[PDB]
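Let me begin by presenting the structure, written as structure tokens, before commenting on it.
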Amino acid sequence: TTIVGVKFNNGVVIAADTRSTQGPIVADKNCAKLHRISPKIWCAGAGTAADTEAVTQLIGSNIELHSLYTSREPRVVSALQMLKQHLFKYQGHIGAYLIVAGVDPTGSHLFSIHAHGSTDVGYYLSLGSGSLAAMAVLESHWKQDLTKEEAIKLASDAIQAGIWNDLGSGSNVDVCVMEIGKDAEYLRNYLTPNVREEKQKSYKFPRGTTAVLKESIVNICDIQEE
Amino acid sequence: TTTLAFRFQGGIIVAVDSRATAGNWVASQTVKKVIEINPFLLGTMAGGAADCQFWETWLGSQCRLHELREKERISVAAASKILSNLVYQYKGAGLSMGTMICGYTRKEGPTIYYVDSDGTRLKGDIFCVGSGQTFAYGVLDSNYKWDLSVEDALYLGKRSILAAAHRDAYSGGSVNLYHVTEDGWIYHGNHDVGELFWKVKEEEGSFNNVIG
Amino acid sequence: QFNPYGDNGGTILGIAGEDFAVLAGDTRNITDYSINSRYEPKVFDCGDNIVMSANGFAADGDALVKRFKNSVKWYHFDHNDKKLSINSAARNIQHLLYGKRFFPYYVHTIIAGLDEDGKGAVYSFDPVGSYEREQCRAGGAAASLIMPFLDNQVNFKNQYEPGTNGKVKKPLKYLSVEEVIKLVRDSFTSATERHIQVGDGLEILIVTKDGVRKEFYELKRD
Amino acid sequence: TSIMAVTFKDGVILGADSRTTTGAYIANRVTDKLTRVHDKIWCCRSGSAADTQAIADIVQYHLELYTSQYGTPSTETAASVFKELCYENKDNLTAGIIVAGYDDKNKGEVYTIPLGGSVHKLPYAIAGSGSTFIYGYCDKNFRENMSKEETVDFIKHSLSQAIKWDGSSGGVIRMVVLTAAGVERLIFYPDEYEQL
Amino acid sequence: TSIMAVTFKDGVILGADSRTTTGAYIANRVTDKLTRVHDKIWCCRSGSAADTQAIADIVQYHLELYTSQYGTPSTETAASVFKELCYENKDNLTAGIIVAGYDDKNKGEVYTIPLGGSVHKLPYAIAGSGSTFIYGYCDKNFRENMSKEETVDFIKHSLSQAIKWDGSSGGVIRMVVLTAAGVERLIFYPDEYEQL
Amino acid sequence: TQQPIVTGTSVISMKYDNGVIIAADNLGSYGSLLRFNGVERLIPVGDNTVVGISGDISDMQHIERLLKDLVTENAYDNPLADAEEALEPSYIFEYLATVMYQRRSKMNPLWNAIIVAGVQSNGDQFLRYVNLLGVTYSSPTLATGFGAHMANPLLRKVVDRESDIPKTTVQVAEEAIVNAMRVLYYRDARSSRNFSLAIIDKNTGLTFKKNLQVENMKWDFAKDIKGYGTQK
Amino acid sequence: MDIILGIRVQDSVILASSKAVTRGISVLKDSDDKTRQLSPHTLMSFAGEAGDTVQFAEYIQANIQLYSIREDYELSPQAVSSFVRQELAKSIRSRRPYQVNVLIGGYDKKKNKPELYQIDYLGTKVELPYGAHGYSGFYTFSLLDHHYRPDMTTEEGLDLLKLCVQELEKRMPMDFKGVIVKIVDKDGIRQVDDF
Amino acid sequence: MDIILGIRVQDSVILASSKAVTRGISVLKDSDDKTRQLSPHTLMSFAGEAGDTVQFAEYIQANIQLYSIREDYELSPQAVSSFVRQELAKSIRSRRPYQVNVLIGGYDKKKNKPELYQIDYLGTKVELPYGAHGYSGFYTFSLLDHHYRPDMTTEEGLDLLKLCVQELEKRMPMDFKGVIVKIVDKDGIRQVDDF
Amino acid sequence: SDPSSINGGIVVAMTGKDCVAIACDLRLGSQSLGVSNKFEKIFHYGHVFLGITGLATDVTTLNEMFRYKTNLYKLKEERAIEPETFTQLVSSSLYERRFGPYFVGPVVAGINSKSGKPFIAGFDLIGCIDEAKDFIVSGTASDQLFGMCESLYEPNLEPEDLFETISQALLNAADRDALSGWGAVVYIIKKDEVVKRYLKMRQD
Ligand SMILES: [Mg+2]
Ligand SMILES: [Mg+2]
Ligand SMILES: [Mg+2]
Ligand SMILES: [Mg+2]
């Protein structure tokens, strides 16, 4: 998994690769590692895929209820405090390693959070097995006062480093841009640098190739009238 | 792995399956679990493929040297004991072997020795070795007679492997048959279990639990 | 504790044609989640029209290939430059492997060439020297992904002739070198999609009576 | 982690490195290990980031609620709340905390709370993996009632050595000055402190 | 065990504590950890007493036999013989040795041989459990080409701190001075060095 | 079987149009203690080869002595010891690779990862890796330890395949190596600021650079970072 | 406990269960009946850990007998087997699971059909023509696969069962002291007293 | 191997030894003779680890047969038992010991007396009126203690042995497939072919 | 010992043109011992189909559980549950046993009754959703299935072509797995007709 967050002038950009693995086998070639906590608070998730989804939806649900109760747009620090206290309670057994980003009435924010409950602040962050490849790119090209276009470039380049050099990461780059005073734009499959080449042969079988013992109609419909 | 060998009026029948698995996945369906030691002697493979294959080929070299020196065919007793004494030197090191050394000589008649990697050497009339042995034994014990014909004995060995191939997950692929006579062994072909099962089901009326 | 073994990944594939043989293998070399090299040759020409690959732990794989190559050289010295036949090579490799029965070469070995009648030959070895002549054999990481496909598309397993409904099998017609190479390429393209240790490049060594020829193809680098 | 708190004439100064490691990988090179529990009571965190963050957050909550009811808490009270959490949950925590604060009545005070949950009031305190290398230096060079500039130099020189030798420590030296005048943050970069 | 060797203008000085422990019991409080392998090549022993004694004895034998054949050995040669034993028997030894010697050609030289069996030529070296506490101090206070009196003070102050903090170190500070003038033994008692 | 004690971290290297570059920091770590600050881990053999070594330093020093002895031995009864029968990078590597694999096979390894960088007689670039297991591989970029994870991704952006080697100048290659050394200093907890770098070029020969430093470091952004979440 | 077999024929279910009770070194009993009647036309044989086997079997028996009284009605074999499965499936994630494998042989009076259900301690249920637990199947299934027919009489089923028991007595290392055989049909449950 | 018994009567030694050879799951043979004739009037039964048992027994046989040829003389049972004990006592401190327990039944032609020696794998020798190895004694010794007399005939010894075998067949969990019985007397060794 | 490979078995699901296909082998075993050749692993709740591989007691339990839940859903919602909604229910249900999970590999397949859109999904044992366009694989021969599917599959296959592809994917995968086979079933699912075919295969 290769996930990054990069701060820029008017907001924060977040990005991830799209490979999910069971040992050495690619279970999903287009996994979604970017999660929406609220409309303008998104996070990137590494570790146990079920946990990153579950923990973002739980906190995202409670955030929504809190937003309705307080008549205020949600804050990143709220999502952050709720995530860390939850993960700390479970002593790391909930394997969720998140990069939490967003915009709110206070400004634009970028945090990382470890499965044990520790949080970190930064202008650029990476996480997962491709984090070292990504962080190398971030450490070589990051600067203060990046523009939106530069940050999307830097973020996706850092993910690419992971795609190519880390066996845990692969396929496509997903991006989400959260700019102040603007709708968060979720760029699903922003880059697609791993389309499989046309096969040498078609493996479409002639009809009646498979041997068949029995056939029957399945009754999916309900009990009928008359 | 299901290997059997039994003694009867017409010599020895040897029948084996063909399957090799790594963990849950089937590495090979085309494994030769009969080692042709020489033209008169057969060995079965169970436990370690390498250990059986290597040391029973080596055995064939020792048998050849014996008959060059003594100007006489080696006895099944002597051949089996060369192998058993060898593996017994390696006891503890971790060889894995369960084999039937099978031969037909004038002095002895048809003879089977179960040889085994913890040093066991047993003469006997019927032997089954492998994960599917218990299934093969059932069919053998209920149908075996000394006065079987060569045709019926061949079928019995084939059918006993089929019984194991069906039930035992780690046995199958195909059945290899051998008939050992005093003038040497005779190969009686490779029989795909998939095709054999349906053939046997229909012709025999067995396996009514299975839909075909 | 010191672990003398390691896993360098990779996948190899030997297919025996009617009058040719191919031994293919990806060119990626890895440890854990890192790539060591995108092009590290794994299949070798060993002389006497024999090709070999020892896939798994690359240090043992290189040692074994090196020793076998040396065995070809000394066979020529000891036996009046006699050509080492593929079956003889196979038996020799068994003894090399079984020589280390109690501290094994951690490799799955395949060799390919032509038998003494000019027909295609592949031999497959386990780590301790058990071996068999085979028509078709994938070795290494993505072997479980490739073999079921080859059962279906080379040997036509589970394929019956339309209209008969399971009564007549699809006949086992002989494949050309061009047809085999398509199945090799598609095996590795598919394996690359679904196995993280397979990729970068595919090097195929084709053996005929005319000698050993090489072909190289790109694979996805992610 | 290299952390210390030193009391001087005008109050107290907390000092820390900025390195967070996972094995030999530096996960964060700009960590803030100096954390605010009250306006003029701060702490230095060593051990588990997750544990020390969680503890500090609870302490900040307790002192906020204390303040609403009973007015400003003493530095001793803050150290007691830290101690209570650390001692009562000693089996599940890995936290070494130095509590530092400025009262007007008491002036600069430093309390160290090592792994066990014991409390030790000291003129100065050092902690974290990098502290081992500077026990000798700090003991030889510490004086009571130093000036602000002397204490900044003392901390800067000490942590410079701790960083030099300890692979677990590095990055910037952060400091927080606590006096009657208020709260001042200081930072010192590698190019400055490495040449000392 | 706290031990160090420091090179200065006139030669080299070896310094050591005198404590041998079995667990928390002090088995010997007047141990001599500074040992002679040649007239002007000495060593400092850390780790296993049995191993370092056995090694030193073999080295003394090798340099005695070297001297009978080839004349006086260099300090580098002595360090190489120590290294050979320590490196080739690394699996069975627990020995950290500082080799110190005075040639007329080369002057004062210090070689440290840590656990692995590697050799490191240095201006000065510190070792043993107590050395950890004085990395900061020694690095801040060492200068090249000190006088005899400065180097004695440097060693005395350093080992005083190492002893103060390390429970495994204590007793007297022994020193051995190696110069053209000859071999001088020095001893410093607790009442002297504790008040520094 | 042993455990490494005094250790050296990443060695990084790459090929460029006319030769190879190799670099390694000057630190000998003792666990988390940064014990020895003046350790040379690039060891030149002749004027055409540099062997870069990471891992156990006592074993490095042994390998250093084997190479020194190899040069002596090659000179014996060899009138062309400084010419046609001089040691090649490929000879030095193959020797080391034999030793490494023999030692792992006796269950007593030299606890190292080694990169042999050099230029052959015919001007060809030599760059190959061998480690404590006797595993060997070659690639346009090679790195040990942390370098494998952080340097390779950066160096592979310059030379991603074989066809990129003739397009890469020595200035571009050196720049990439020096930047990679900075990245490793930021992020490897067992690294030092001081390092050595060696260039082996087929025209200009062996250039060995000692006492280099990581410079142009970005730390200023650290001042703005406050707390771990909600603090101001 | 050791060997438990089951065979569903045309019009009945036959359960054969070993008589031996061994506690380590000695055979403490050679006449143990490893079965309980759950209802007039439903029999359950069992084998597994000591204590748990009987405790489970009687607990099930009590519950089915309670149902029979409350509703004045006999549950179908299918219903009983589902109840038993759920209890075992509940049991496997308990603090201390029941280590009990069962065969449920019943005659469904509504459908006029014999039914044999095999359920292991995990709660793994299967309906079968013939079944076993433990090692018993390894010896016997090759014989049952060969000879079994769905239209067999009760007497033919008993002969096939004798052949299975003989093969067990030949090739099993343990002396299981023979089997008690019971037949479940439309007239209820009865024990074959000579086998 | 499992059960080996021995009983010395008035004028002979009787050795009873089980016929079963079990390899884990299946009984591979039910007619195994766990004995070797060392000399015309000395028989040795054996039980222990697979392979080692026969290897040891035949090694002893060969050595006694070599002695018999060299000296043209049969060693006394006592002498043979001492030779065997020393081999086992040597074996216990070897790299890989022989895991073999033996009974040596012999008729001393000089003294005109039957003799029974029990020797375990450690080289622990005892001369006894009756003996066993493994669990066999636990079941049988209470019967032998009661009924045994030093003046018993061979037929009375065989009857007492049948009672021992019956008690074993009742209370032992393992099916040892009966016993082969051999008698050692002044006329040599002979096998009782019906038991 | 490993709960997900005691009983064995496989499920595969594929999408085609206005259709989905889901298939499974029929084996239930006790490790090496084959026990049943009629253990179906596909179930349905109205028009939504669920395949479940893994530990057989959990397969049975989860089927009984989703029947329970979809029955109540229908009573309250007054309509049959859809594949997209059911997928979320399966995910929720599994995750609520996060630290004591059902040892299963569920696979959802069906066509949305309102939109007509073909839908398939896979899950890990704790409920992570893999919603693939092309195909989903599950069970003890999942590696073998990945290999078959990755080469054999092409998009927008007609129902009767898709049948051949999924059948050959299952059959040849199962023959390279010791713990799968003993028969097979293939469901071909269109918007308002579902055909179920039993396949003839080798019985070892
Ligand atoms: Mg089978
Ligand atoms: Mg890949
Ligand atoms: Mg540092
Ligand atoms: Mg199968």
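Every chain in the structure tokens has a letter given in the order shown (A, B, ...), and although residue numbers restart at 1 in each chain, ligands are simply numbered from 1 in the order shown.
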For this session: Using only C-alpha atoms and all ligand atoms, find each protein or nucleic acid residue lying at most 12 Å from ligand 4; present the set as a VMD selection string.
Result: (chain B and resid 19 to 21 24 to 29 165 to 173 193 to 194) or (chain C and resid 148) or (chain I and resid 8 to 10 25 to 29 32 34 37 140 to 141 144 170 to 184 201 to 204)
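Using only C-alpha atoms, we find that the part of chain C lying within 7 Å of chain I comprises residues 144, 145, 146, 148, 149, 152, 158, 186, 190, 191 and 194 of chain C.
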For this session: Can you list, as an MDAnalysis selection string, all residues belonging to segment 33-156 of chain H that DSSP tags as helix (DSSP H, G or I)?
Result: chainID H and resid 52:71 77:92 136:147 154:156
Preceding selection exported with C-alpha atoms as a PDB file, in the first residue's frame:
```
ATOM      1  CA  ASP H  52      16.173 -51.936  15.555  1.00  0.00           C
ATOM      2  CA  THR H  53      14.457 -55.060  16.955  1.00  0.00           C
ATOM      3  CA  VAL H  54      15.250 -57.347  14.008  1.00  0.00           C
ATOM      4  CA  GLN H  55      18.640 -55.699  13.294  1.00  0.00           C
ATOM      5  CA  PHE H  56      19.695 -56.336  16.887  1.00  0.00           C
ATOM      6  CA  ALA H  57      18.283 -59.873  17.047  1.00  0.00           C
ATOM      7  CA  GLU H  58      20.039 -60.954  13.806  1.00  0.00           C
ATOM      8  CA  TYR H  59      23.289 -59.248  14.838  1.00  0.00           C
ATOM      9  CA  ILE H  60      23.211 -61.281  18.092  1.00  0.00           C
ATOM     10  CA  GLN H  61      22.281 -64.453  16.159  1.00  0.00           C
ATOM     11  CA  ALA H  62      25.220 -64.000  13.766  1.00  0.00           C
ATOM     12  CA  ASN H  63      27.706 -63.510  16.653  1.00  0.00           C
ATOM     13  CA  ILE H  64      26.500 -66.607  18.558  1.00  0.00           C
ATOM     14  CA  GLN H  65      26.555 -68.671  15.331  1.00  0.00           C
ATOM     15  CA  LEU H  66      30.145 -67.439  14.734  1.00  0.00           C
ATOM     16  CA  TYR H  67      31.142 -68.510  18.262  1.00  0.00           C
ATOM     17  CA  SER H  68      29.497 -71.912  17.733  1.00  0.00           C
ATOM     18  CA  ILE H  69      31.572 -72.554  14.586  1.00  0.00           C
ATOM     19  CA  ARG H  70      34.889 -71.226  15.943  1.00  0.00           C
ATOM     20  CA  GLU H  71      34.827 -73.318  19.144  1.00  0.00           C
ATOM     21  CA  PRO H  77      22.243 -69.589  28.097  1.00  0.00           C
ATOM     22  CA  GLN H  78      23.907 -67.573  30.904  1.00  0.00           C
ATOM     23  CA  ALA H  79      26.893 -66.826  28.666  1.00  0.00           C
ATOM     24  CA  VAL H  80      24.634 -65.803  25.768  1.00  0.00           C
ATOM     25  CA  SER H  81      22.530 -63.582  28.055  1.00  0.00           C
ATOM     26  CA  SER H  82      25.692 -61.884  29.400  1.00  0.00           C
ATOM     27  CA  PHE H  83      26.909 -61.276  25.839  1.00  0.00           C
ATOM     28  CA  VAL H  84      23.535 -59.758  24.913  1.00  0.00           C
ATOM     29  CA  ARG H  85      23.400 -57.595  28.074  1.00  0.00           C
ATOM     30  CA  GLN H  86      26.841 -56.138  27.368  1.00  0.00           C
ATOM     31  CA  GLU H  87      25.815 -55.286  23.790  1.00  0.00           C
ATOM     32  CA  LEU H  88      22.742 -53.418  25.080  1.00  0.00           C
ATOM     33  CA  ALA H  89      24.740 -51.787  27.918  1.00  0.00           C
ATOM     34  CA  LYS H  90      27.257 -50.652  25.271  1.00  0.00           C
ATOM     35  CA  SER H  91      24.332 -49.501  23.091  1.00  0.00           C
ATOM     36  CA  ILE H  92      22.629 -47.219  25.675  1.00  0.00           C
ATOM     37  CA  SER H 136       2.333 -57.294  29.337  1.00  0.00           C
ATOM     38  CA  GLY H 137       3.469 -57.898  32.935  1.00  0.00           C
ATOM     39  CA  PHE H 138       0.893 -55.471  34.399  1.00  0.00           C
ATOM     40  CA  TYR H 139      -1.968 -57.729  33.240  1.00  0.00           C
ATOM     41  CA  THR H 140      -0.319 -61.155  33.610  1.00  0.00           C
ATOM     42  CA  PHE H 141       1.961 -61.073  36.693  1.00  0.00           C
ATOM     43  CA  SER H 142      -0.921 -61.263  39.206  1.00  0.00           C
ATOM     44  CA  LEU H 143      -2.004 -64.543  37.510  1.00  0.00           C
ATOM     45  CA  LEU H 144       1.566 -65.925  37.296  1.00  0.00           C
ATOM     46  CA  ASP H 145       2.283 -64.942  40.952  1.00  0.00           C
ATOM     47  CA  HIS H 146      -0.804 -66.946  41.992  1.00  0.00           C
ATOM     48  CA  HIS H 147      -0.617 -70.089  39.835  1.00  0.00           C
ATOM     49  CA  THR H 154       5.207 -78.012  29.902  1.00  0.00           C
ATOM     50  CA  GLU H 155       1.440 -78.594  29.424  1.00  0.00           C
ATOM     51  CA  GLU H 156       0.605 -76.844  32.724  1.00  0.00           C
TER      52      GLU H 156
END
```
Problem set entry | For atom CA of residue 108 of chain B and atom CA of residue 139 of chain B, the interatomic separation in Å (one decimal) | 27.1 Å
For this session: Determine, counting only C-alpha atoms, which protein, DNA and RNA residues have an atom within 8 Å of an atom of segment 49-56 of chain B; residues of the same chain fewer than 3 positions away are not included. Present the result as a PyMOL selection string.
Result: (chain B and resi 35+37+43-46+59-60+83+95-99) or (chain C and resi 94+98+126+128-131)
For this session: At a cut-off of 12 Å, list the chain C residues touching chain B, using only C-alpha atoms, as a count of residues only.
Result: 46
